[PDB]
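Trainee: This is the structure I want to talk about, given as structure tokens.
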Amino acid sequence: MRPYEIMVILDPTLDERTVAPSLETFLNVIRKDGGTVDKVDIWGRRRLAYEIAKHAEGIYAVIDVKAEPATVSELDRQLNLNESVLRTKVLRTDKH
Amino acid sequence: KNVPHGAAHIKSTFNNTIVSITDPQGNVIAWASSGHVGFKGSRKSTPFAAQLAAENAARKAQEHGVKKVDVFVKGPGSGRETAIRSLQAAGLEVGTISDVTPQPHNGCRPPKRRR
Amino acid sequence: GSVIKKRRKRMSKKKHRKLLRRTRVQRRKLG
Amino acid sequence: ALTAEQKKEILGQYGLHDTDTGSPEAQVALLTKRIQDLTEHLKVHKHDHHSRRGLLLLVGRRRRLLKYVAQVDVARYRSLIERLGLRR
Amino acid sequence: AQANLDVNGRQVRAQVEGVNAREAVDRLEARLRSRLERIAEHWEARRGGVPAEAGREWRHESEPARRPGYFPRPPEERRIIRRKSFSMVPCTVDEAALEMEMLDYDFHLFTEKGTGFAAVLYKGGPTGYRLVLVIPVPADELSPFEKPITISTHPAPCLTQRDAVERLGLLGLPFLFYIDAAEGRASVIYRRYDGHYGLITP
Amino acid sequence: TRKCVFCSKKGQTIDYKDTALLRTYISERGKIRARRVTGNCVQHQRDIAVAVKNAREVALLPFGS
RNA sequence: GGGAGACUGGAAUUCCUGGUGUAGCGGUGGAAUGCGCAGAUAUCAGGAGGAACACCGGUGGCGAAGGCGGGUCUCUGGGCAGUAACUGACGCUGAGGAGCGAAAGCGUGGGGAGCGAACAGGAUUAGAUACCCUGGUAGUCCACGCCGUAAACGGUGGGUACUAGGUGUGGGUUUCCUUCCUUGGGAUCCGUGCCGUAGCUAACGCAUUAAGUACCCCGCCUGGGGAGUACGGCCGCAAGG
């Protein structure tokens with residue numbers, strides 16, 4: 001179980017009041033995999049430096065997870081598959 | 001048509017200069033080239049040819065209702081200096097100067113060196 | 001050292017390679 | 001390489017006493033475990049030649065340690081070989 | 001054996017020794033062939049000696065590097081370390097020209113008498129002198145003068161400090177006169193004699 | 001010379017989220033500033049470059065504005 | 001930037017589509033082939049695809065060597081420092097042998113934007129099977145395999161001990177100026193440069209990273225051509241080694 005930091009940018013059209021619950025469900029799998037701990041922070045509706053997928057503004061979410069690499073990869077695959085997620089980026093908050 | 005405010009695109013290569021006045025939505029309304037003002041061959045790489053082309057384009061934009069323009073220079077320096085000076089000198093007010101040269105992030109292989 | 005020796009060696013190797021190119025098919029038919 | 005717990009368990013099982021870590025038996029056991037892990041890795045990445053060189057170095061070191069053991073005490077060499085499932 | 005040829009005004013001569021006429025003639029022919037080869041002077045033989053590239057390699061006839069009057073001091077740590085505010089008492093064109101002349105400065109920023117606006121005079125070259133104002137006005141509103149001058153029809157534009165430096169770099173003028181965006185007043189930037197920019201402010 | 005503001009006892013950690021700490025390290029054209037003109041140590045220069053590239057990848061800094 | 005795998009980001013080139021838009025564009029020392037007038041170049045918007053990763057970026061890091069930098073994740077090798085707990089000479093070298101081994105090249109299957117052997121024209125020339133220009137196939141790319149060569153060079157085999165120093169720079173430990181911010185300075189271990197003693201050399205030069213002083217092991221040389229060629233043999237699909 002290693003710590004990870006996932007930064008996601010979502011399209012601005014969807015309401016912000018649904019970002020926190022919906023993202024919650026996206027973590028449910030990694031919650032039920034191996035007893036993992038999550039910390040979710042949301043600072044969204046910020047204009048991007050460059051246009052991403054015909055969009056200028058985006059919602060930024062930061063998720064601090066402590067989980068197995070396979071679980072994090074599976075979660076990243078699901079997040080990329082979703083059509084309401086413009087981009088994702090996974091970092092390791094360890095020495096790496 | 002009447003476009004009071006537009007943009008100026010100057011492409012100064014090593015052997016030619018092309019000046020085009022553009023309705024800011026990106027539509028060329030009047031263009032003059034180095035070879036269009038009576039030059040041909042190496043003669044059209046000179047700064048004087050750039051001066052003549054810039055003045056001709058400035059007039060061909062002025063009678064179309066263009067008053068104030070902003071310049072986007074581009075290309076290795078051959079007659080950019082004289083191009084902007086001539087654009088100003090023909091009664092066309094210059095708003096801003098921007099250097100937008102296509103700069104690759106090390107992409108594509110350049111042609112082999114000459115000798 | 002001087003490149004004269006290298007010039008002699010490259011000339012010899014080049015001539016041998018040209019000879020091999022000229023007689024490739026004959027060597028194959030006799031080999 | 002191996003984690004601390006695997007090293008501790010290998011040393012406890014193969015070490016002569018509860019403290020030694022550089023005894024040839026313990027070194028041979030650790031090298032064999034590392035070799036098997038590296039082999040399992042290389043079965044997937046066939047073109048990882050640098051780790052293959054590292055594996056060669058480990059194999060040579062294990063062979064030298066076994067040579068030293070067989071030169072000092074034959075019975076210990078036989079016991080170690082039979083316990084770790086080695087051939088030569 | 002001696003041979004002399006007049007190839008289009010160029011004299012090519014050769015001389016050889018030999019044991020008989022045939023050997024001497026053959027050696028003379030070889031020598032003359034070598035001389036004519038070295039004489040060619042046509043483009044194919046004078047193309048490898050012509051200076052090439054822009055900065056790489058140096059030759060006797062290579063184009064000398066164009067050097068500006070100021071010390072280079074590249075954009076890295078260029079800075080603005082000269083800020084004069086000599087005079088903003090109102091003056092006329094002739095008085096401004098005299099204030100120019102003894103200061104030995106090509107351009108000069110003052111405030112005009114009639115307009116009450118900031119203006120910059122400079123040498124207009126063979127045309128005389130040229131006057132640039134923050135807002136262009138005709139000669140009648142301008143205070144009376146006797147020097148032969150002309151007025152620049154364009155107005156001094158509004159732009160920032162970095163934008164002003166960029167415009168000066170991409171426009172190559174000895175100075176730029178403009179209304180500062182933040183300050184809202186006149187400003188004249190010139191490349192100094194040490195490589196920094198000289199910003200003259202009120 | 002100049003000081004590696006990170007080797008100090010008050011050196012803030014280098015992250016790709018805090019955009020101002022990276023904007024202070026890139027030129028006005030968006031390019032990464034050299035090490036000599038900055039003065040930071042090699043490890044901190046490399047960390048700064050990595051953070052800048054990551055922030056560019058997550059659309060926090062322009063790609064040469 | 002040690003290696004392998006997977007996913008993925010942006011600038012730019014090319015092409016396609018749709019607007020604005022005209023008579024040139026392109027190229028050179030100078031031009032002409034060439035492209036365009038059937039709407040080119042230029043400018044904007046959209047789309048497709050391939051390759052390489054500007055800034056960081058250097059005589060700086062890693063690797064036995066070849067060599068290795070867009071980002072993230074997974075797997076994995078090596079090195080250095082300190083403590084010195086542990087084994088107790090287990091070390092060095094290594095004929096043959098095995099493995100890795102730039103680029104080019106070969107085989108099967110893909111991919112093909114740019115560059116580009118061969119090949120066409122244009123130009124220069126007395127002649128141009130070339131240098132320069134316009135096009136351009138293999139190839140460069142990916143997967144699995146072959147070959148086994150390079151100025152594969154530091155033209156300097158591996159290990160060890162000793163022999164004045166001075167100054168850059170990378171990594172790690174610690175004492176004293178002490179603000180303890182500061183390349184403060186000192187000490188020490190491991191790299192990587194420059195200058196210089198003794199010493200060595202035919203000289204140039206090397207000089208604690210020896211080409212100095214010595215010990216252990218291996219490879220190689222015995223005038224230049226003929227020739228790294230012929231014959232024979234081994235390997236290779238072939239080139240060839």
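The way I read the labels, and the way they are meant: chains A, B, ... in the order of the structure tokens, residue 1 as the first residue of every chain, and ligand 1 as the first ligand shown, with later ones counted on from there.
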Can you pull out every residue from chain A that DSSP, working from the backbone, puts in alpha helix (DSSP H), and format the result as JSON, numbers by chain?
Mentor: {"A": [19, 20, 21, 22, 23, 24, 25, 26, 27, 28, 29, 30, 31, 32, 33, 34, 69, 70, 71, 72, 73, 74, 75, 76, 77, 78, 79, 80, 81]}
Trainee: For the selection just defined, write its residues with N, CA, C and O atoms to a file, as an mmCIF file, in the first residue's frame.
Mentor:
```cif
data_model
loop_
_atom_site.group_PDB
_atom_site.id
_atom_site.type_symbol
_atom_site.label_atom_id
_atom_site.label_comp_id
_atom_site.auth_asym_id
_atom_site.auth_seq_id
_atom_site.Cartn_x
_atom_site.Cartn_y
_atom_site.Cartn_z
ATOM 1 N N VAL A 19 -19.794 17.424 -8.223
ATOM 2 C CA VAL A 19 -18.440 16.915 -8.432
ATOM 3 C C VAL A 19 -17.994 16.075 -7.242
ATOM 4 O O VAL A 19 -17.488 14.959 -7.405
ATOM 5 N N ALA A 20 -18.175 16.596 -6.029
ATOM 6 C CA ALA A 20 -17.743 15.865 -4.839
ATOM 7 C C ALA A 20 -18.465 14.535 -4.660
ATOM 8 O O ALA A 20 -17.786 13.524 -4.409
ATOM 9 N N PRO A 21 -19.798 14.444 -4.767
ATOM 10 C CA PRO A 21 -20.427 13.116 -4.640
ATOM 11 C C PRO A 21 -20.035 12.157 -5.750
ATOM 12 O O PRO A 21 -19.673 11.007 -5.470
ATOM 13 N N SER A 22 -20.095 12.601 -7.009
ATOM 14 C CA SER A 22 -19.783 11.711 -8.124
ATOM 15 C C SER A 22 -18.380 11.138 -7.989
ATOM 16 O O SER A 22 -18.191 9.917 -8.030
ATOM 17 N N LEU A 23 -17.387 12.009 -7.791
ATOM 18 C CA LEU A 23 -16.025 11.544 -7.562
ATOM 19 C C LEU A 23 -15.969 10.546 -6.416
ATOM 20 O O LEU A 23 -15.208 9.574 -6.465
ATOM 21 N N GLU A 24 -16.783 10.767 -5.380
ATOM 22 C CA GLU A 24 -16.849 9.824 -4.272
ATOM 23 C C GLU A 24 -17.109 8.413 -4.785
ATOM 24 O O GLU A 24 -16.376 7.472 -4.456
ATOM 25 N N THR A 25 -18.123 8.261 -5.641
ATOM 26 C CA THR A 25 -18.442 6.945 -6.181
ATOM 27 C C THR A 25 -17.277 6.371 -6.972
ATOM 28 O O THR A 25 -17.038 5.157 -6.936
ATOM 29 N N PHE A 26 -16.523 7.232 -7.657
ATOM 30 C CA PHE A 26 -15.383 6.760 -8.432
ATOM 31 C C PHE A 26 -14.320 6.147 -7.537
ATOM 32 O O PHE A 26 -13.603 5.234 -7.963
ATOM 33 N N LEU A 27 -14.201 6.637 -6.301
ATOM 34 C CA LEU A 27 -13.253 6.069 -5.353
ATOM 35 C C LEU A 27 -13.785 4.835 -4.645
ATOM 36 O O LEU A 27 -12.995 4.126 -4.013
ATOM 37 N N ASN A 28 -15.088 4.550 -4.750
ATOM 38 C CA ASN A 28 -15.658 3.457 -3.966
ATOM 39 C C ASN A 28 -14.927 2.141 -4.214
ATOM 40 O O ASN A 28 -14.645 1.393 -3.268
ATOM 41 N N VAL A 29 -14.570 1.865 -5.475
ATOM 42 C CA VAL A 29 -13.830 0.646 -5.798
ATOM 43 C C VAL A 29 -12.517 0.603 -5.031
ATOM 44 O O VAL A 29 -12.215 -0.377 -4.336
ATOM 45 N N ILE A 30 -11.738 1.685 -5.098
ATOM 46 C CA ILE A 30 -10.471 1.684 -4.386
ATOM 47 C C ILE A 30 -10.705 1.721 -2.885
ATOM 48 O O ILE A 30 -9.797 1.401 -2.111
ATOM 49 N N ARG A 31 -11.908 2.101 -2.452
ATOM 50 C CA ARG A 31 -12.235 2.007 -1.037
ATOM 51 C C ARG A 31 -12.498 0.564 -0.629
ATOM 52 O O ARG A 31 -12.148 0.154 0.483
ATOM 53 N N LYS A 32 -13.109 -0.223 -1.515
ATOM 54 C CA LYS A 32 -13.467 -1.593 -1.177
ATOM 55 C C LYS A 32 -12.398 -2.606 -1.559
ATOM 56 O O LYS A 32 -12.555 -3.791 -1.248
ATOM 57 N N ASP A 33 -11.322 -2.178 -2.219
ATOM 58 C CA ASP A 33 -10.305 -3.126 -2.661
ATOM 59 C C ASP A 33 -9.510 -3.677 -1.483
ATOM 60 O O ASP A 33 -9.538 -4.881 -1.208
ATOM 61 N N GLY A 34 -8.792 -2.809 -0.775
ATOM 62 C CA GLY A 34 -7.894 -3.268 0.265
ATOM 63 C C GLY A 34 -7.875 -2.419 1.517
ATOM 64 O O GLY A 34 -6.844 -2.333 2.190
ATOM 65 N N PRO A 69 -0.747 -0.532 -6.160
ATOM 66 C CA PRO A 69 -0.565 -0.010 -7.528
ATOM 67 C C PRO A 69 -1.598 -0.506 -8.526
ATOM 68 O O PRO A 69 -2.038 0.267 -9.387
ATOM 69 N N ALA A 70 -1.995 -1.777 -8.441
ATOM 70 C CA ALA A 70 -2.987 -2.304 -9.372
ATOM 71 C C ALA A 70 -4.324 -1.594 -9.209
ATOM 72 O O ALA A 70 -4.990 -1.267 -10.199
ATOM 73 N N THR A 71 -4.729 -1.344 -7.963
ATOM 74 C CA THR A 71 -5.981 -0.641 -7.715
ATOM 75 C C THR A 71 -5.939 0.773 -8.276
ATOM 76 O O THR A 71 -6.919 1.246 -8.864
ATOM 77 N N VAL A 72 -4.813 1.466 -8.101
ATOM 78 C CA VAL A 72 -4.695 2.826 -8.613
ATOM 79 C C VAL A 72 -4.719 2.831 -10.136
ATOM 80 O O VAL A 72 -5.327 3.710 -10.754
ATOM 81 N N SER A 73 -4.060 1.856 -10.766
ATOM 82 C CA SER A 73 -4.104 1.768 -12.223
ATOM 83 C C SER A 73 -5.522 1.511 -12.715
ATOM 84 O O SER A 73 -5.962 2.102 -13.708
ATOM 85 N N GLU A 74 -6.251 0.628 -12.032
ATOM 86 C CA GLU A 74 -7.626 0.328 -12.418
ATOM 87 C C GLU A 74 -8.510 1.566 -12.268
ATOM 88 O O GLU A 74 -9.333 1.872 -13.145
ATOM 89 N N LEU A 75 -8.328 2.306 -11.171
ATOM 90 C CA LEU A 75 -9.073 3.545 -10.967
ATOM 91 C C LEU A 75 -8.746 4.573 -12.042
ATOM 92 O O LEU A 75 -9.638 5.272 -12.533
ATOM 93 N N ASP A 76 -7.468 4.696 -12.401
ATOM 94 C CA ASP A 76 -7.078 5.630 -13.452
ATOM 95 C C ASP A 76 -7.696 5.239 -14.786
ATOM 96 O O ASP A 76 -8.115 6.105 -15.562
ATOM 97 N N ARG A 77 -7.755 3.937 -15.071
ATOM 98 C CA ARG A 77 -8.398 3.474 -16.295
ATOM 99 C C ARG A 77 -9.870 3.868 -16.320
ATOM 100 O O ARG A 77 -10.367 4.394 -17.325
ATOM 101 N N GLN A 78 -10.581 3.639 -15.212
ATOM 102 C CA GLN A 78 -11.983 4.053 -15.161
ATOM 103 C C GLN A 78 -12.130 5.561 -15.318
ATOM 104 O O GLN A 78 -13.020 6.032 -16.035
ATOM 105 N N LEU A 79 -11.271 6.334 -14.650
ATOM 106 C CA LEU A 79 -11.377 7.787 -14.719
ATOM 107 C C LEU A 79 -11.141 8.291 -16.135
ATOM 108 O O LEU A 79 -11.832 9.205 -16.600
ATOM 109 N N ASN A 80 -10.166 7.710 -16.836
ATOM 110 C CA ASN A 80 -9.934 8.092 -18.223
ATOM 111 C C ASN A 80 -11.084 7.661 -19.121
ATOM 112 O O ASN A 80 -11.387 8.344 -20.106
ATOM 113 N N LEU A 81 -11.735 6.537 -18.807
ATOM 114 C CA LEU A 81 -12.864 6.100 -19.621
ATOM 115 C C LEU A 81 -14.053 7.046 -19.502
ATOM 116 O O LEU A 81 -14.808 7.209 -20.466
#
```
Trainee: Would you mind listing, as a ChimeraX atom specification, all residues of chain E that have at least one atom within 10 Å of chain G, where only C-alpha atoms (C1' of nucleotides) are what counts?
Mentor: /E:42-45,47-48,50,52
Trainee: Give me, as a VMD selection string, the contact residues of chain C against chain G at a cut-off of 12 Å, counting only C-alpha atoms (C1' of nucleotides).
Mentor: chain C and resid 1 3 5 to 6 8 to 9 12 to 13 15 to 17 19 to 21 24 28
Trainee: What are the DSSP strand (DSSP E) residues of stretch 6-96 of chain A, as a VMD selection string?
Mentor: chain A and resid 6 to 10 37 to 42 46 to 47 57 to 67 85 to 92
Trainee: Write out as a PyMOL selection string the residues lying within 7 Å of residue B:78, counting only C-alpha atoms (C1' of nucleotides) and excluding same-chain residues fewer than 4 positions away.
Mentor: chain B and resi 12-14+47
Trainee: Excluding residue B:33 and any residue of its chain fewer than 2 positions from it, enumerate the residues within 6 Å of it, using only C-alpha atoms (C1' of nucleotides), and give them as a PyMOL selection string.
Mentor: chain B and resi 18+35-36+53
Trainee: Generate the output file for the selected residues, C-alpha atoms, as a CSV table (one decimal), in the first residue's frame.
Mentor:
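out-v1.csv was written with the following content:
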```
chain,number,residue,atom,x,y,z
B,18,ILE,CA,5.1,38.8,-47.9
B,35,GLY,CA,7.9,40.1,-56.3
B,36,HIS,CA,4.6,41.8,-56.8
B,53,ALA,CA,5.8,45.7,-50.6
```
Trainee: Each residue of chain B lying at most 12 Å from chain G should get a row with its shortest atom-to-atom pair and the distance in Å to one decimal, counting only C-alpha atoms (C1' of nucleotides); could you produce that, ordered by chain and increasing number, as a tab-separated table?
Mentor:
```
residue	atom	partner	partner_atom	distance
B:7	CA	G:43	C1'	10.1
B:8	CA	G:43	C1'	9.8
B:9	CA	G:43	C1'	7.9
B:10	CA	G:42	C1'	9.3
B:11	CA	G:42	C1'	8.4
B:12	CA	G:42	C1'	11.6
B:13	CA	G:26	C1'	11.1
B:14	CA	G:27	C1'	10.4
B:15	CA	G:27	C1'	8.4
B:16	CA	G:25	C1'	9.6
B:17	CA	G:42	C1'	10.4
B:18	CA	G:42	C1'	7.1
B:19	CA	G:42	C1'	8.0
B:20	CA	G:42	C1'	6.9
B:21	CA	G:43	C1'	8.8
B:22	CA	G:43	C1'	7.1
B:23	CA	G:20	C1'	8.4
B:24	CA	G:44	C1'	9.0
B:25	CA	G:44	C1'	6.8
B:26	CA	G:44	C1'	4.4
B:27	CA	G:20	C1'	4.0
B:28	CA	G:20	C1'	5.0
B:29	CA	G:21	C1'	6.5
B:30	CA	G:21	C1'	7.5
B:31	CA	G:22	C1'	7.5
B:32	CA	G:22	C1'	9.1
B:33	CA	G:24	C1'	8.4
B:34	CA	G:24	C1'	9.9
B:35	CA	G:24	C1'	7.3
B:36	CA	G:24	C1'	7.0
B:37	CA	G:24	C1'	10.8
B:38	CA	G:24	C1'	11.0
B:39	CA	G:24	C1'	11.2
B:40	CA	G:24	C1'	10.3
B:41	CA	G:31	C1'	7.9
B:42	CA	G:28	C1'	7.9
B:43	CA	G:30	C1'	10.7
B:45	CA	G:28	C1'	11.6
B:60	CA	G:22	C1'	11.8
B:72	CA	G:43	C1'	11.4
B:101	CA	G:12	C1'	10.5
B:102	CA	G:12	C1'	6.7
B:103	CA	G:12	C1'	6.4
B:104	CA	G:12	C1'	4.0
B:105	CA	G:54	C1'	4.1
B:106	CA	G:54	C1'	5.5
B:107	CA	G:52	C1'	4.8
B:108	CA	G:114	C1'	4.9
B:109	CA	G:114	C1'	5.4
B:110	CA	G:115	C1'	6.9
B:111	CA	G:115	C1'	6.2
B:112	CA	G:115	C1'	7.8
B:113	CA	G:115	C1'	11.5
B:114	CA	G:132	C1'	8.1
B:115	CA	G:131	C1'	7.3
```
Trainee: Do a neighbour search on residue D:57 at 12 Å with only C-alpha atoms (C1' of nucleotides), toss out local chain neighbours closer than 6 positions, and write the hits as an MDAnalysis selection string.
Mentor: (chainID D and resid 31 34:35 38 50:51 63:64) or (chainID G and resid 64 77:78 99)
Trainee: Measuring atom to atom with only C-alpha atoms (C1' of nucleotides), identify which of G:9, G:239, G:112, G:47 is nearest to residue A:50.
Mentor: G:9
Trainee: Could you list, as a PyMOL selection string, the residues of chain A having an atom within 9 Å of chain F when counting only C-alpha atoms?
Mentor: chain A and resi 7-9+47-52+87-89
Trainee: Contacts of residue B:84 at 12 Å or less, counting only C-alpha atoms (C1' of nucleotides), minus same-chain residues fewer than 6 places along, as an MDAnalysis selection string?
Mentor: (chainID B and resid 8:12 17 19 47 50:55 57:58 69:74 90:98) or (chainID E and resid 167:168 170:173)
Trainee: Could the residues in this selection be saved with N, CA and C atoms as an mmCIF file, in the first residue's frame?
Mentor:
```cif
data_model
loop_
_atom_site.group_PDB
_atom_site.id
_atom_site.type_symbol
_atom_site.label_atom_id
_atom_site.label_comp_id
_atom_site.auth_asym_id
_atom_site.auth_seq_id
_atom_site.Cartn_x
_atom_site.Cartn_y
_atom_site.Cartn_z
ATOM 1 N N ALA B 8 -1.623 42.906 -39.246
ATOM 2 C CA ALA B 8 -0.650 42.847 -40.328
ATOM 3 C C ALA B 8 0.255 41.648 -40.107
ATOM 4 N N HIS B 9 0.341 40.778 -41.107
ATOM 5 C CA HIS B 9 1.184 39.594 -41.050
ATOM 6 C C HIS B 9 2.328 39.775 -42.035
ATOM 7 N N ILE B 10 3.554 39.760 -41.520
ATOM 8 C CA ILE B 10 4.755 39.951 -42.321
ATOM 9 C C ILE B 10 5.602 38.696 -42.198
ATOM 10 N N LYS B 11 5.795 38.002 -43.314
ATOM 11 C CA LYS B 11 6.636 36.813 -43.379
ATOM 12 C C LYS B 11 7.873 37.178 -44.186
ATOM 13 N N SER B 12 9.003 37.329 -43.504
ATOM 14 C CA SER B 12 10.261 37.724 -44.129
ATOM 15 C C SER B 12 11.180 36.510 -44.153
ATOM 16 N N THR B 17 9.725 38.586 -48.994
ATOM 17 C CA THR B 17 8.903 39.117 -47.915
ATOM 18 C C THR B 17 7.469 39.233 -48.406
ATOM 19 N N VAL B 19 3.646 40.530 -47.183
ATOM 20 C CA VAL B 19 2.895 41.341 -46.232
ATOM 21 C C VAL B 19 1.417 41.217 -46.564
ATOM 22 N N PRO B 47 16.028 44.610 -48.323
ATOM 23 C CA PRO B 47 15.103 45.394 -47.488
ATOM 24 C C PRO B 47 14.299 46.419 -48.268
ATOM 25 N N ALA B 50 11.193 44.881 -49.470
ATOM 26 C CA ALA B 50 10.263 44.772 -48.351
ATOM 27 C C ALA B 50 9.584 46.105 -48.077
ATOM 28 N N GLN B 51 10.340 47.201 -48.159
ATOM 29 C CA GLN B 51 9.761 48.531 -48.000
ATOM 30 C C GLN B 51 8.666 48.780 -49.026
ATOM 31 N N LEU B 52 8.960 48.500 -50.296
ATOM 32 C CA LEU B 52 7.983 48.742 -51.352
ATOM 33 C C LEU B 52 6.741 47.878 -51.166
ATOM 34 N N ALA B 53 6.934 46.598 -50.834
ATOM 35 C CA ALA B 53 5.798 45.707 -50.633
ATOM 36 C C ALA B 53 4.947 46.153 -49.450
ATOM 37 N N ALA B 54 5.590 46.554 -48.350
ATOM 38 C CA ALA B 54 4.846 47.014 -47.185
ATOM 39 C C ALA B 54 4.051 48.271 -47.503
ATOM 40 N N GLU B 55 4.652 49.213 -48.234
ATOM 41 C CA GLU B 55 3.927 50.427 -48.599
ATOM 42 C C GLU B 55 2.739 50.111 -49.502
ATOM 43 N N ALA B 57 1.036 47.267 -49.722
ATOM 44 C CA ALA B 57 0.007 46.622 -48.915
ATOM 45 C C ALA B 57 -0.688 47.625 -48.006
ATOM 46 N N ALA B 58 0.064 48.590 -47.476
ATOM 47 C CA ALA B 58 -0.535 49.607 -46.624
ATOM 48 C C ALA B 58 -1.554 50.434 -47.390
ATOM 49 N N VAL B 69 -3.622 49.267 -37.097
ATOM 50 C CA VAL B 69 -3.239 47.882 -37.329
ATOM 51 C C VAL B 69 -2.224 47.466 -36.269
ATOM 52 N N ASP B 70 -2.124 46.155 -36.047
ATOM 53 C CA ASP B 70 -1.101 45.579 -35.184
ATOM 54 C C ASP B 70 -0.358 44.497 -35.951
ATOM 55 N N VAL B 71 0.963 44.468 -35.795
ATOM 56 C CA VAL B 71 1.848 43.728 -36.688
ATOM 57 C C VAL B 71 2.294 42.435 -36.024
ATOM 58 N N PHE B 72 2.306 41.355 -36.803
ATOM 59 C CA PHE B 72 2.811 40.051 -36.380
ATOM 60 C C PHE B 72 3.990 39.700 -37.283
ATOM 61 N N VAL B 73 5.208 39.968 -36.815
ATOM 62 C CA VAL B 73 6.390 39.656 -37.610
ATOM 63 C C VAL B 73 6.671 38.158 -37.555
ATOM 64 N N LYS B 74 7.419 37.678 -38.547
ATOM 65 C CA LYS B 74 7.686 36.254 -38.678
ATOM 66 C C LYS B 74 8.794 36.047 -39.699
ATOM 67 N N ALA B 90 3.377 54.870 -44.217
ATOM 68 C CA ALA B 90 2.302 55.019 -45.186
ATOM 69 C C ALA B 90 0.996 55.477 -44.548
ATOM 70 N N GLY B 91 1.057 56.046 -43.347
ATOM 71 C CA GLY B 91 -0.127 56.547 -42.684
ATOM 72 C C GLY B 91 -0.934 55.516 -41.931
ATOM 73 N N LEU B 92 -0.428 54.295 -41.787
ATOM 74 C CA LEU B 92 -1.128 53.235 -41.075
ATOM 75 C C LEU B 92 -0.596 53.168 -39.650
ATOM 76 N N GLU B 93 -1.468 53.431 -38.681
ATOM 77 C CA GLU B 93 -1.054 53.420 -37.287
ATOM 78 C C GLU B 93 -0.799 51.994 -36.820
ATOM 79 N N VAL B 94 0.304 51.808 -36.104
ATOM 80 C CA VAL B 94 0.709 50.499 -35.609
ATOM 81 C C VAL B 94 0.278 50.376 -34.155
ATOM 82 N N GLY B 95 -0.559 49.381 -33.870
ATOM 83 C CA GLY B 95 -1.040 49.154 -32.523
ATOM 84 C C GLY B 95 -0.035 48.452 -31.636
ATOM 85 N N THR B 96 0.319 47.217 -31.985
ATOM 86 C CA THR B 96 1.280 46.449 -31.210
ATOM 87 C C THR B 96 2.142 45.617 -32.148
ATOM 88 N N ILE B 97 3.329 45.263 -31.662
ATOM 89 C CA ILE B 97 4.283 44.442 -32.397
ATOM 90 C C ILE B 97 4.413 43.111 -31.676
ATOM 91 N N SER B 98 4.215 42.016 -32.404
ATOM 92 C CA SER B 98 4.321 40.682 -31.831
ATOM 93 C C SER B 98 5.191 39.815 -32.723
ATOM 94 N N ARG E 167 8.717 46.316 -28.172
ATOM 95 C CA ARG E 167 8.537 47.136 -29.366
ATOM 96 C C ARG E 167 9.849 47.777 -29.792
ATOM 97 N N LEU E 168 10.641 48.256 -28.831
ATOM 98 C CA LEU E 168 11.938 48.831 -29.168
ATOM 99 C C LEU E 168 12.852 47.788 -29.797
ATOM 100 N N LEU E 170 11.957 44.960 -31.435
ATOM 101 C CA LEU E 170 11.450 44.504 -32.723
ATOM 102 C C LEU E 170 11.284 45.629 -33.738
ATOM 103 N N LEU E 171 11.475 46.886 -33.332
ATOM 104 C CA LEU E 171 11.321 48.025 -34.224
ATOM 105 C C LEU E 171 12.626 48.766 -34.478
ATOM 106 N N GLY E 172 13.651 48.532 -33.660
ATOM 107 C CA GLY E 172 14.999 48.973 -33.970
ATOM 108 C C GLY E 172 15.203 50.468 -34.027
ATOM 109 N N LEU E 173 14.247 51.252 -33.541
ATOM 110 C CA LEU E 173 14.424 52.689 -33.517
ATOM 111 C C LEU E 173 15.401 53.078 -32.411
#
```
Trainee: What lies within 12 Å of residue G:164 using only C-alpha atoms (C1' of nucleotides), ignoring chain neighbours under 5 positions off, as a PyMOL selection string?
Mentor: chain G and resi 196-199+207-208
Trainee: For chain F, which residues have at least one atom within 6 Å of chain G, if we go by only C-alpha atoms (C1' of nucleotides)? Write them as a ChimeraX atom specification, please.
Mentor: /F:31-32,49,57
Trainee: Could you write out that same residue set with C-alpha atoms as a PDB file, in the first residue's frame?
Mentor:
```pdb
ATOM      1  CA  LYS F  31      10.945  29.003 -20.907  1.00  0.00           C
ATOM      2  CA  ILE F  32      12.722  27.502 -17.911  1.00  0.00           C
ATOM      3  CA  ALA F  49      12.355  21.621 -14.149  1.00  0.00           C
ATOM      4  CA  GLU F  57       1.250  18.743 -18.655  1.00  0.00           C
TER       5      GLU F  57
END
```
